[PDB]
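Undergrad: I would like to see how this sequence folds:
(8 chains)
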Amino acid sequence: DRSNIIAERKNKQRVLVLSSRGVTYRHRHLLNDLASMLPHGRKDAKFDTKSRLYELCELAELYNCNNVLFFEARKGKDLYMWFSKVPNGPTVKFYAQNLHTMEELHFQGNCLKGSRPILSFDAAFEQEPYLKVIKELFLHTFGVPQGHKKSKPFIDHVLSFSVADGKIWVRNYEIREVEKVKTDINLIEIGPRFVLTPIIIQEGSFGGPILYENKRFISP
Amino acid sequence: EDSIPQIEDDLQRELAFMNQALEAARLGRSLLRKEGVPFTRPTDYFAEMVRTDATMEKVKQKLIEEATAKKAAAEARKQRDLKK
Amino acid sequence: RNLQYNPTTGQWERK
Amino acid sequence: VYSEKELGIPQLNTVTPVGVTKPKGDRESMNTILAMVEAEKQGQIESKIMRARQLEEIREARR
Amino acid sequence: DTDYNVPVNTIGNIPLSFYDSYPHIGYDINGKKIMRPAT
Amino acid sequence: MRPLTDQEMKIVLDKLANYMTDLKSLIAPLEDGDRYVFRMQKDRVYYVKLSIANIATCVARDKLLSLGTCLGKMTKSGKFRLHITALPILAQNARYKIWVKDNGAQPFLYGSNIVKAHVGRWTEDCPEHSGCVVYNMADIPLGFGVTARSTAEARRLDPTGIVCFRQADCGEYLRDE
RNA sequence: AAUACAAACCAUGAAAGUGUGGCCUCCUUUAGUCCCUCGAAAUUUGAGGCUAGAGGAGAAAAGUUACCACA
RNA sequence: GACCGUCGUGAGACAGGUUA
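TA: Numbering: from 1, shown residues only, chains lettered A, B, ... in the order given. Here you go:
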């Protein structure tokens, strides 16, 4: 046994977070904030944009990771997300904006790194299928397997994914206990704030035939 | 989306996402005890935070500065209440 | 009551 | 330097959690005891012998 | 890999100045306290 | 029911031997073999014989109040106290004895300190902060205390000065009635 | 605000009209079974048992005081 | 009179205190 899962049925998941060659400190801090939360992931930096998309696959095969979260930077100003099942599974592309990182002293919330989250989804993540595919991809990227030996055990935070206009808004809150008056959970927000606008669904790993197209996207 | 009237209402938009993670947290807590795991961190688990400790030190200093400004301004009120 | 919540479908269903 | 208890500042979820508790944490016997405690009283007499010599400091005052 | 022999103490890179008074150091994945192997 | 522990008997014998000279004589194997074994109850110590302890260890702790004769009690900080209950033990084998007159014993029994006009005669080689036992002209044990100064400094000071500091007297007997 | 009542509304029926939203909640302090046991008492009580109104990490030291001294 | 003190804390004392 090599997958370090102590559970009745092992959820073998790994992610590989990556960066482009021109990200900003705001996009760099979202690597550090997301990877700190994400206990079964490896950090890597500065993928060559002159390479091809499917060289992100054997990069992840080199590190035994079935998920990849790529931060691609264009113009030195714009963050673009990529969630993908590495061998042959589907992928996604987002435009990320309205960034607010953990280093900014205005959130007043904190939690253990590596602790297991609760995934707080939205109602439209169930009824409409283009939200459903990214739902399973979000759930796998933040999978945090059961018997993972790098995970701290007590649960104190919940990740909230909600769609408002056409865009998904992420939220992170800390579970805190205040006793009821003759204990209820009060949420204090911890970490990353970003707004996630879908762009495409591709049926391949990083190419493959196009499945969803967001025909309302105003590019920067 | 039905909870949010206007997307520029920062107070209501924050409350809507907070309310969404509210019933997720209470429902998850109920199901987690029914199966049964250690859910709440005890007083003795000195475990490593997702944030740097010094970051909490400067955010504790900022909460000092905001709250001490409010009460010192109230002392300025009482001085000028004597003035009138 | 004969109603519980399904986490994976987000609905209410009977026992 | 104005006190925290009246200050409207909530607790912070640092590495120390919310609410931290302090840790829980014979014939010859008589013989050694007497010897040791009398030896202390004998030391008092020696400091008092320097006070019997401090009457020369009171004599120096008069002189 | 860097994460091959992952320790069971379920602790961070926190200084060992903590966990010097309580009899247990860290916990485990289930949540059982880990009492020090040598005293 | 428990005996004196290691540190607790150490501080007890520290404060006792500050006022005692022969601790061997107080606790020794007697003719019958019975020994004056120490005893404590409700953070209050006692001085009993062993055969007294056997006929008292048969009792539940909460029902027992006192045992033999009392020596003192312990505070929350852990320091030892010696009371006027320990005076017949204290005056039996006293190291330093100070005798006060009848017109000076009356303020001593009221609660006032010892003045140079109060004392009739004196012991010798008394240090500044050594303990002592206070008697009258008729060798009646009145109390105990720590002197303010040595013997030679008492000769050369004003007669209105405080000589020996009053700690306990028979007012505790009058208080408890 | 709850609750009572009235009206409106709603369900069914072609109409006639009908129709609706239960019953409960180890010791310490107190009363009874004067029931059973042990006693006393020239015939009545005492103490237990039983019943039912309510409370509740451990030897390292803690909690609290219109209290004392000191800062 | 009101403080810096030194010597003891179960209570206290001072030819020690900035001038002649």
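
Undergrad: quick check: the closest residue to chain D within chain E vs chain B, distance?
TA: In chain E, no residue comes nearer to chain D than residue E:21, which is 4.0 Å away by CB to the nearest CB. Just so you know, the C-beta spots here come from the backbone N, C-alpha and C atoms, and that holds for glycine as well. According to CB to the nearest CB, to the nearest Å, residue E:21 stands 10 Å off from chain B.

Undergrad: ranges for the helices of the chain?
TA: All of this is about chain A. A:25-37, A:57-62, A:124-127, A:129-141 (DSSP state H).

Undergrad: try chain D instead
TA: Using DSSP H, helices in chain D cover D:27-52, D:55-62.

Undergrad: one more: chain F?
TA: Here chain F has its helices, by DSSP H, at F:6-17, F:23-26, F:50-54, F:87-92, F:102-110, F:151-155, F:171-175.

Undergrad: what's the closest of those to chain A?
TA: Using CB to the nearest CB, those put helix F:6-17 closest to chain A, at 40.2 Å.

Undergrad: list the contacts of that closest one.
TA: Outside helix F:6-17, the residues that touch it by CB atoms under 8 Å, 6 or more residues apart in numbering or on different chains are D:29-30, D:33-34, D:37-38, F:4, F:23, F:38, F:40, F:45, F:71, F:74, F:78-80, F:82.

Undergrad: touching RNA strand G at all, stretch E:18-31?
TA: No. Using CB under 7 Å from any atom of the strand, we find that stretch E:18-31 stays clear of RNA strand G, coming within 10.5 Å at best.

Undergrad: quick one: terminal-to-terminal distance for that stretch?
TA: Length of stretch E:18-31, first residue to last, CA to CA, to the nearest Å: 18 Å.

Undergrad: re the thing from before, are any of the contacts of helix F:6-17 buried, and which?
TA: D:30, D:33-34, D:37-38, F:4, F:23, F:38, F:40, F:45, F:71, F:74, F:80, F:82 (16 or more other CB atoms under 10 Å in any protein chain shown).

Undergrad: and the nearest residue to residue F:4 once chain neighbours are set aside, how far from residue A:158?
TA: The spatially closest residue to residue F:4, leaving aside those adjacent along the chain, is residue F:38, at 5.0 Å (CB to CB, 6 or more residues apart in numbering or on different chains). Distance of residue F:38 to residue A:158, given as CB to CB, to the nearest Å: 62 Å.

Undergrad: check residue F:71 too.
TA: 64 Å.

Undergrad: and of the helices of chain F, who's closest to residue A:172?
TA: helix F:6-17 (53.1 Å; CB to CB).

Undergrad: okay, the helices of chain A in TSV with mean neighbour count and distance to residue B:12 next?
TA: Output for the helices of chain A, formatted as TSV (neighbours: other CB atoms under 10 Å in any protein chain shown; distance: least, CB to CB, whole Å):
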stretch	mean neighbour count	distance to residue B:12
helix A:25-37	19	26
helix A:57-62	16	41
helix A:124-127	15	18
helix A:129-141	17	23
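
Undergrad: quick one, which of those helices is nearest to residue F:175?
TA: helix A:25-37 (68.4 Å).

Undergrad: mind giving me the packing neighbours of the closest one?
TA: strand A:15-19, strand A:41-43, strand A:67-74, strand A:78-85, strand A:91-100 (3 or more CB pairs under 8 Å, 6 or more residues apart in numbering or on different chains; DSSP states H and E).

Undergrad: for residue B:9, grab the count of nearby residues.
TA: Neighbour count for residue B:9, taken as other CB atoms under 10 Å in any protein chain shown: 12.

Undergrad: so it versus residue B:22, what's the distance?
TA: 18 Å.

Undergrad: check residue A:82 too.
TA: 31 Å.

Undergrad: then residue D:35?
TA: From residue D:35 to residue B:22 the distance is 73 Å (CB to CB).

Undergrad: which parts of chain A sit against chain E?
TA: A:4, A:6, A:64, A:113, A:147, A:148, A:149, A:150, A:151, A:152, A:153, A:154 (CB under 8 Å from any CB of the partner chain).

Undergrad: filter those to the buried ones?
TA: A:4, A:113, A:147, A:148, A:149, A:150, A:151, A:152, A:153, A:154.

Undergrad: in this structure the fourth one contacts residue A:10, no?
TA: No. Residue A:148 lies out of contact with residue A:10 (CB atoms under 8 Å); the separation is 9.6 Å.

Undergrad: burial count for residue 42?
TA: Because you didn't say which chain, this covers chain A. 18.

Undergrad: wrong one, I was asking about chain F
TA: 11.
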